[PDB]
Amino acid sequence: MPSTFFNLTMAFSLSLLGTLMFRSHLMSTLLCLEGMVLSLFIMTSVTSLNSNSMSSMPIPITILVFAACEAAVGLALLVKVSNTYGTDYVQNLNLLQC
Amino acid sequence: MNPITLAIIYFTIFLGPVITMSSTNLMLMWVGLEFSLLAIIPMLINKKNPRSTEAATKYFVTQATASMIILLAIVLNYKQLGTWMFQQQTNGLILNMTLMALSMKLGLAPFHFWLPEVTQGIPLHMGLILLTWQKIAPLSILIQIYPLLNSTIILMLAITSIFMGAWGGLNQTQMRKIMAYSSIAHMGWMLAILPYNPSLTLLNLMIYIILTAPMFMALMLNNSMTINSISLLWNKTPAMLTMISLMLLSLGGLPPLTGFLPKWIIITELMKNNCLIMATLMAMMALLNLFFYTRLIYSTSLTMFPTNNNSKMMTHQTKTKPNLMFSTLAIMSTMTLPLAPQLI
Amino acid sequence: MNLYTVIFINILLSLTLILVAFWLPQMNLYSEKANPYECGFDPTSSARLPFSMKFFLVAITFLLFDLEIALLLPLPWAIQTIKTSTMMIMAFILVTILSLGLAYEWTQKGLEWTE
Amino acid sequence: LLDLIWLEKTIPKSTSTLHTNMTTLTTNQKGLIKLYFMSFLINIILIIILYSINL
Amino acid sequence: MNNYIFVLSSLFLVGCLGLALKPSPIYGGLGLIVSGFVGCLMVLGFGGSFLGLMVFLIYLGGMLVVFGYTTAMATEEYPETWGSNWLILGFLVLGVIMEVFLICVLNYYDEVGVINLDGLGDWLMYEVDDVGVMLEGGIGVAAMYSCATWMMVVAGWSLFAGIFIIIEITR
Amino acid sequence: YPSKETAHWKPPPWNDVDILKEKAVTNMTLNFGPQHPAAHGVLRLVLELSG
Amino acid sequence: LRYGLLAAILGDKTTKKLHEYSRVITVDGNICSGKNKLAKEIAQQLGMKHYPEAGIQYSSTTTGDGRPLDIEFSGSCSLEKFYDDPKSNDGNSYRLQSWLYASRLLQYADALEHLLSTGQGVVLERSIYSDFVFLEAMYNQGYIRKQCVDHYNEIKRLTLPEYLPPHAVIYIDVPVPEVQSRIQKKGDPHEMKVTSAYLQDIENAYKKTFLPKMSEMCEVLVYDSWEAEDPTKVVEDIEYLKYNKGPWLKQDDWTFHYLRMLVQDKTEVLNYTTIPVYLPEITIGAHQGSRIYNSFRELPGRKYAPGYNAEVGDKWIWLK
Amino acid sequence: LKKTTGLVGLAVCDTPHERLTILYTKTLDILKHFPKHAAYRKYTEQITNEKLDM
Amino acid sequence: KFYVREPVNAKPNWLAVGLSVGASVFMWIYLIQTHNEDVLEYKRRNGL
Ligand SMILES: CCCCCCCCCCCCO[C@@H]1O[C@H](CO)[C@@H](O[C@H]2O[C@H](CO)[C@@H](O)[C@H](O)[C@H]2O)[C@H](O)[C@H]1O
Ligand SMILES: CCCCCCCCCCCCO[C@@H]1O[C@H](CO)[C@@H](O[C@H]2O[C@H](CO)[C@@H](O)[C@H](O)[C@H]2O)[C@H](O)[C@H]1O
């Protein structure tokens, strides 16, 4: 358990780091968010299985559901920005500077 | 939007925060946060203009990152204490990360660069929701964990945001961005007094909401969105100038107006707790707010700006837009100090 | 250990067939043979350019419906409950809400491909 | 020399200047999410460091 | 077998590292598929079953839709892989070696703590009901139909509202 | 308060609508033939496809 | 009840009322093209409502007493002064043009509101779509400044996109020599000073922009002078038009509802015409504007709101 | 009333007599502006008058 | 009579007015009864 939790926390940390520093494509940022979602779900799953707490196993599934809903919203926003600018580049998202 | 979408979307925006403040479980508070986040975005992107889409994307990315950080805090607290609520024994880093991520959600500095842009992009009638209704949930999450927060971190964020909002207000000509910066400053006060006595944090939240909503409806009246544009109310709608002046001054926080009561009471509590340096600095820097509100007052009410030929037809045509709630909130926000003891 | 063994055996079999296919045949590599294929004429443009997806809305809707599938997949164990009435009511509400969402999307032309 | 010049420069105008300098220093942001999230990252690191050193 | 779980977690870390480095979305999806598989395996090894399989299923579907979206919008004339960009390659190797060295450092400073490479695999499972029957994670999850109906209500509402929100965002 | 950078900044549009440089729609150009099972051998149908 | 989301839910659906002759026809032509006769006759034969061309007094005539107000309140722009001196250094020309554009916008909003409410059709004499011809002609002649052109185009960009275009346009083509002949015959002392160059610029703008632009979406018919008479022929053509082309086809109840909500509030309609772009021709000084406003807000019936003016003949105020 | 016309795209006209009278009269009007000697005028007027009479 | 567009608020909405006045009188009656009851209960619980 301890080593697994350490590596999983490091994985979430790396995915958060990847989200915080961009790299042009918004789709990649969405994927990094989705990876953090994966890591958090795994954390919860292993914690519950370790503790034999079967009343908290309803909660990782809720995590997945809500993360899926937000990911769908993100994809729709990607579609709209693409319709606006021709690409998904985050550079174009600079109008509101003024 | 068709009626059924309006019903469902507005109902979900209303539901999210209610779940957050009526949930005993951290995962359910997170569910409320996600409800608000998901449901607001379609209202933001309702216009479907290039600026609107970009504002919605900025909001989405920032809020999603904040929610994930909060969820990490929840999961680690679970790993530690086998429960879904923060306890006195909970690791300090978990609470630090929660405060940090809820700060990002709230828009507090130095995570504040996102709020001005989104507010500028989005229309006024949704700017009101963004700067009023969407703060209740995160601040509730903090208030439910107030005894465990970190005084150093909270005071640092609060003073940072006071300074940043005050400085940012000056430069901006846009009303939407000005109201965003005012939001930042008032939230700075709210969080400054949160760890010591959350009742006054809630008092400040109430008064700020009761002052911002009237101002946002005032802007909606003529869709004003710039200093120059609002300068034409002496011609388009003279009646409102008096209350607009009073309300801007109150938000600034002059004594006779209500706006004093939040700042004065918060300074009093901080002094009781021996927070003299931070209290002094915050009070001092809360005067740039009065400056960049007084500029607006000068532009609108005390001086008469040049008008256009075509405003004559605006004069000719009739108007039926100001609500009863405008008058109620405006008076009850700018003429209530003598009832202050009952408020606190 | 059995599942790992059999899956690794399958992997090794497939990879061995590939390696034999790549190291047994006699080869002759030249530019015209290697260049891409497009009905006997040269590519007017590379295939990496944007390719509009005319079913984007249905594609996203698939995500949410699959998560609904996830929410429903516990039913075989759920039915072994004592609160059968509660389980029935909850499952009925879930499926009816699924149906209403699909019906609204249909009536709103979500499933009609975008041109 | 004093009343119309030096006092105005020292007390009012110095303050006015400094605050204008600070607003023009802070407000003008290029408006790009990449840079904004880089700053958020620096906040992340700073909070971590403060927590660690203060123990 | 002693190093089974630790190896799986390290592979998960590497897949997440690649995703963070953010190659083209196609390689991002491939990396996340591998990471989802490894995470499902970790959950399976920790006594789970339904949860691991569910993550794998939902993630396969999600990456399918994501790939479809990438081919249409998130595309470039020359997509960049992990190895194409020399900085990405160098930092991939740097991250791998850095994690190795960090593992060693934590082991040395805390001989028993976050990591116990000596004594690894000795604490995977803590307790098991030897003679039980109803101990399968599917039961706990299905509890949403009886003891946690609030969870079901909120999640179902989330999906329902998602339908309308998505339609009106894409209008 | 204009500064070095803010000189090139311009006032925002009155209505939020912003005039944008046109995004030319570049349909892909497929070669449905000559050698296609449905081209009957000798047709270089230069299809211009969107999606 | 004010038309709102509530009424829309409970009924009042526009598609429930639309009919075959519920259209938005625009009669257009050069000056003295006989537009008014044809407009009235089309409206009468088709059973629709005719809207006279917007003048400098349109808002005053359509609001309050319905009596023409003073020019100081109604724009301070004089068509006669324009003709007498078109390059006057008091900027009357562009003031007149902007006022006329705003009044045409108001008339268009009213006609669209009428169509979407009663379901009846509307006939109009020129409109915001056709208005740019006069501005282009003034600019080409040299009466207005390039900044004024910029300003007008900006306002049109802000306003025009919101409203649906007319169903059909009916352009009467009459050559410039005969335009001058008709103007001489009409014998308006100030109108007789309009120059042939000005008339030809109006005609060029019409043909080379408006008709090509309108034919893209609306149904455009062109009648020469000899065909213009006998309006019954034009009514027949309108009757056997088939509108498969235009933004109108893709509307539905909810789009109509949002358009109705926009038009119903005349303030929102005219909001962007008052953008604070400081152009001297339209800009008014604080003192003059204040004087005009104080004078207006004490005219008989214009001090308080429509329903609360006790002087004109309103009562039950203490309860209203 | 005819339900359909065999030709595709050519839809049924409810008021055929009115439409025909209108079109034929319009043609006869536009013809007046041809020179009176025009062979086109003569022939087209004969044709149109015949069909209008029918 | 004076106005061309029929004044929106031409005659009072008797319904809205009657509701407002009735609510006001009901509120005053309820408040007075409540104040009397509160005084009586305060005396009852504090021995006059
Ligand atoms: C001990 C504590 C008490 C002392 C407190 C002192 C605080 C006083 C603050 C006064 C601020 C007034 O701010 C005032 O802004 C106006 C704007 O019109 C400036 O006005 C001036 O600015 C610049 C000169 O620098 C000129 O280009 C400009 O044309 C002119 O108007 C004044 O120079 C400044 O003084
Ligand atoms: C301890 C906190 C105390 C806070 C209290 C003091 C409040 C200070 C107010 C600062 C803002 C004053 O705002 C003041 O604006 C004027 C113009 O309006 C600026 O002055 C400006 O004038 C013109 C442009 O207008 C330029 O030629 C000049 O170079 C520029 O400086 C001042 O430099 C700025 O200081």
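In the stretch C:2-115, if every C-alpha pair distance is counted and binned at 5 Å from zero, what percent goes to each bin?
All Cα pairs, binned at 5 Å, distribute as 2, 8, 9, 9, 7, 8, 10, 11, 12, 9, 6, 4, 3, 1, 0 percent.
Quick one: B:264, D:6, fewest Cβ neighbours within 10 Å first, how do they rank?
The fewest-first ordering by Cβ neighbours comes to D:6, B:264.
Which links in A:80/B:105; B:58/B:105; C:54/C:109; G:16/G:245; G:87/G:146; B:236/I:11 stretch past 19 Å when you go from one Cα to the other? Walk me through the numbers before you get to the answer.
On the way: A:80/B:105 23 Å; B:58/B:105 12 Å; C:54/C:109 13 Å; G:16/G:245 21 Å; G:87/G:146 14 Å; B:236/I:11 27 Å.
Beyond 19 Å: A:80/B:105; G:16/G:245; B:236/I:11.
Quick check on my link table: of G:37/H:3; B:47/G:266; G:13/G:266; D:30/G:213, which ones sit more than 29 Å apart, alpha carbon to alpha carbon? Please report the intermediate quantities before stating the final value.
Details: G:37/H:3 40 Å; B:47/G:266 21 Å; G:13/G:266 21 Å; D:30/G:213 39 Å.
Correct reply: G:37/H:3; D:30/G:213.
Taking H as built 1.01 Å from N, whose amide H comes closer than 5 Å to the amide H of residue B:308, not counting residues under 5 places away?
Distant-sequence amide H within range of residue B:308: G:284.
What per residue convex hull volume, in Å³, do the alpha-carbon atoms of the protein assembly as shown yield?
On the way: hull volume 376.8 nm³, N = 1256.
Hull volume over Cα atoms, normalised by residue count, gives 300 Å³.
Å³ per residue of the Cα convex hull, for the stretch E:21-87? Working shown, then result.
On the way: hull volume 4.9 nm³, N = 67.
Here the figure is 73 Å³ per residue.
Could you give the nm distance between label points at residue C:72 and residue G:5, where each point is 7 Å from its Cα heading toward the beta carbon?
3.2
What helices does chain B have that are whole DSSP H segments, at least 24 Å long along their own axis by Cα, and with mean Kyte-Doolittle hydropathy of 1.0 or more?
What comes out of the filter, once short or polar helices are dropped, is B:3-21, B:26-44, B:151-171, B:198-221.
Could you state the orientation-averaged shadow area of the convex hull built on the Cα atoms of the stretch B:2-344, in nm² to one decimal?
17.9
What residues have an amide H closer than 5 Å to that of residue B:46, excluding those fewer than 5 places away on the same chain, when H is modeled at 1.01 Å from N in the peptide plane?
When sequence neighbours closer than 5 places are left aside, there are no close amide H contacts.
List, in order, the whole-Hz ³J(HN,Hα) value for each residue of the stretch I:34-43 obtained from phi through the Karplus relation with A = 6.51, B = -1.76, C = 1.60 and θ = phi - 60°; use x for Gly and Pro.
Rounded to whole hertz, the list is 5, 5, 4, 5, 5, 4, 4, 5, 4, 4.
Under a plain spin-label model, where a point goes 7 Å from the Cα along Cα-to-Cβ, how far apart in nm are residue D:38 and residue C:37?
Each label point is offset 7 Å from its Cα along the Cβ direction, giving 4.7 nm.
Please list the equivalent ellipsoid semi-axes of chain E, computed as the square roots of five times the alpha-carbon gyration tensor eigenvalues, in descending order and whole angstrom.
32, 31, 12
Roughly how tilted is helix C:84-107, in degrees to the nearest 10 and between 0 and 90, from the longest Cα axis of chain C?
60
Fewest Cβ neighbours within 10 Å first, please rank B:164, B:325 accordingly.
Going from sparsest to densest Cβ surroundings: B:325, B:164.
Can you compute the radius of gyration and Dmax for chain F, using only the Cα atoms, both in Å?
24.0, 71
Using a 10 Å cut-off on Cβ to Cβ distances, tally the other chain neighbours for every residue of B:63-70 and report the average as a whole number.
Whole-number average of other-chain Cβ neighbours for B:63-70 is 5.
Between C:63, C:98, C:13, where does the largest GNM mean-square fluctuation fall for chain C, given springs only between Cα atoms within less than 10 Å?
C:13
Mind giving me the nanometre distance, one decimal, between the label points for residue E:171 and residue C:79, set 7 Å out from Cα along Cα→Cβ?
So the label points at residue E:171 and residue C:79 sit 4.1 nm apart.
Which FRET efficiency, nearest 0.05, do residue D:46 and residue B:83 yield, Cβ-Cβ r, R0 25 Å?
0.25
Compute a Gaussian network model of chain E, connecting alpha carbons closer than 10 Å, and tell me which residue from E:91, E:101, E:46 fluctuates the most.
For chain E, modelled as a Gaussian network with Cα springs under 10 Å, the answer is E:101.
From the C-alpha coordinates alone, can you work out the Kirkwood hydrodynamic radius of the stretch A:2-98, in Å?
Taking the inverse mean of 1/r over all distinct Cα pairs, the stretch A:2-98 comes out at 15.2 Å.
Considering just Cα atoms, how many Å³ per residue does the convex hull of the stretch B:95-154 enclose?
Cα convex hull per residue, to the nearest whole number: 67 Å³.
Let me have the 222 nm mean residue ellipticity of chain C computed from DSSP H runs of 4+ only, each contributing -39500 (n - 2.57), with the sum over all residues rounded to the nearest 500.
Here the helix-only value at 222 nm equals -20000 deg cm²/dmol.
Report, in order of residue number, the helices in chain G meeting two criteria: a C-alpha extent of 24 Å or more along the helix axis, and a mean Kyte-Doolittle hydropathy of at least -1.0; treat each whole DSSP H run as one helix.
Those that pass (Cα extent of 24 Å or more, hydropathy at least -1.0) are G:92-118.
May I ask for log10 I(q)/I(0) of the stretch B:239-344 at q = 0.20, 0.21, 0.24 Å⁻¹, from a Debye sum over the Cα atoms as equal point scatterers with solvent left out?
-1.11, -1.17, -1.29
Based on C-alpha coordinates, I'd like the Rg and Dmax of the stretch G:5-66, in Å.
Gyration radius and largest Cα-Cα distance of the stretch G:5-66: 16.1, 47 Å.
Test of understanding: ordering D:34, D:13, F:10 by Cβ neighbours within 10 Å, fewest first, what list do you get? Don't skip to the answer; put the middle values down first.
Values: D:34 17, D:13 12, F:10 8.
Fewest-to-most ranking of D:34, D:13, F:10: F:10, D:13, D:34.
Given springs between every Cα pair under 10 Å in a Gaussian network model of chain E, which of E:157, E:86, E:123 has the largest fluctuation?
E:157
Rg/Rh for the stretch C:67-115: what does it come to with C-alpha atoms and Rh from Kirkwood?
With Rg and the Kirkwood Rh in hand, the quotient comes to 1.17.
Calculated FRET efficiency, residue B:21 and residue B:268, Cβ-Cβ r, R0 30 Å, to nearest 0.05?
After rounding, the FRET efficiency stands at 0.65.
Every read-out reported here was derived from the displayed coordinates using simple, explicitly stated rules and does not represent laboratory data. FYI the Cβ positions are ideal-geometry reconstructions off the backbone, even for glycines, and counts take in every protein chain you see.
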